[PDB]
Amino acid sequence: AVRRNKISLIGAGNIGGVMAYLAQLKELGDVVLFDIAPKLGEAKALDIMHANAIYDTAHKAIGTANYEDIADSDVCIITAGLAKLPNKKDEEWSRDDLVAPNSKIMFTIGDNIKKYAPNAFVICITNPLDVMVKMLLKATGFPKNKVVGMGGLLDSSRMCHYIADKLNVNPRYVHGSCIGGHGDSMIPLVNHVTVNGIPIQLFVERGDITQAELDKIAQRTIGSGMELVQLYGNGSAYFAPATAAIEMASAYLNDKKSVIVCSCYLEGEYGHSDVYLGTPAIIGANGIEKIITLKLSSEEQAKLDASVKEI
């Protein structure tokens, strides 16, 4: 009759571990930590299982390197793929050199999902998001609504945090949308932010924040990734990306119909088609139940056309 939700984390790196950790303490469902190094997933799995006993939670975490174990998964969250190039210096390679290898990686994962988890809600994190997700949509052959990219929730939440940290208010009430591509071409709609429905321009007229501080926030939102790549020294952000993915996986598993900015396959929205792109959407039991097409200005539309053409 009923059964536990099954989430497969294709990639048990830094992001994968925190994702399993959160989902288990929230009892969102059983977790499969799939990694090409199986003991890495088995280590976090067993470790998180010891945490469940500490936290009195009932669900199970598994580690594996075999695609048979992600079978019947309701959600597949993908972080696998190349992130670094050890045998070359920082000067001999750019990010464009990993796109093609990662593209083939996205296919192998897609075929196995199509094989073992034909009904899975595929959330992708591997970057470049807007391109990598499109590789999964082809490989999985799933409908438009069951293949989503994670971003915009991370990008918008970062924008809303910087706003909240300045106003000294609970970020629960700072809403905002950062759209476009999940990269340096994103569009932080910082002047459309709202504080519990209150337009941000009000707080400008009050002196709580300044137009200059907003423009600088939009710029720090664009480089938040690299900012943390330089703070960590070795690696990138993972705590917040993990929380974003699990928040999207819960909106699906629980049919919350939450409004999240996600990378979505377009077929006419904003004047584009056949491309993934960050945009607010309604995530529910059918995945992307609805795309909210924002009313952009000519300047904001130009910025959107620019990131689409670099995707």
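In this text, residue numbers run from 1 along the sequence as written.
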query = Where do the C-alpha atoms have the higher mean temperature factor in this entry, in 73-81 or in 86-94?
reply = 86-94
remark   = Taking the deposited Cα B-factors and averaging over 95-103 and over 168-176, the higher mean is found in 95-103
message = Based on the deposited C-alpha B factors for this chain, I'd like to know if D255 is in the lowest, middle or highest third.
response = lowest
request  = For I291, return the chain-relative third of its C-alpha B-factor as stated in the PDB record: lowest, middle or highest.
outcome  = middle
note = So, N196's CA B-factor, relative to its chain, sits in which third? The lowest
inquiry  = By the recorded C-alpha temperature factor, relative to the other modelled residues in its chain, which third is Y55 in?
reply    = lowest
ask   = Should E68 be placed in the lowest, middle or highest third of its chain by the C-alpha B factor in the entry?
value = highest
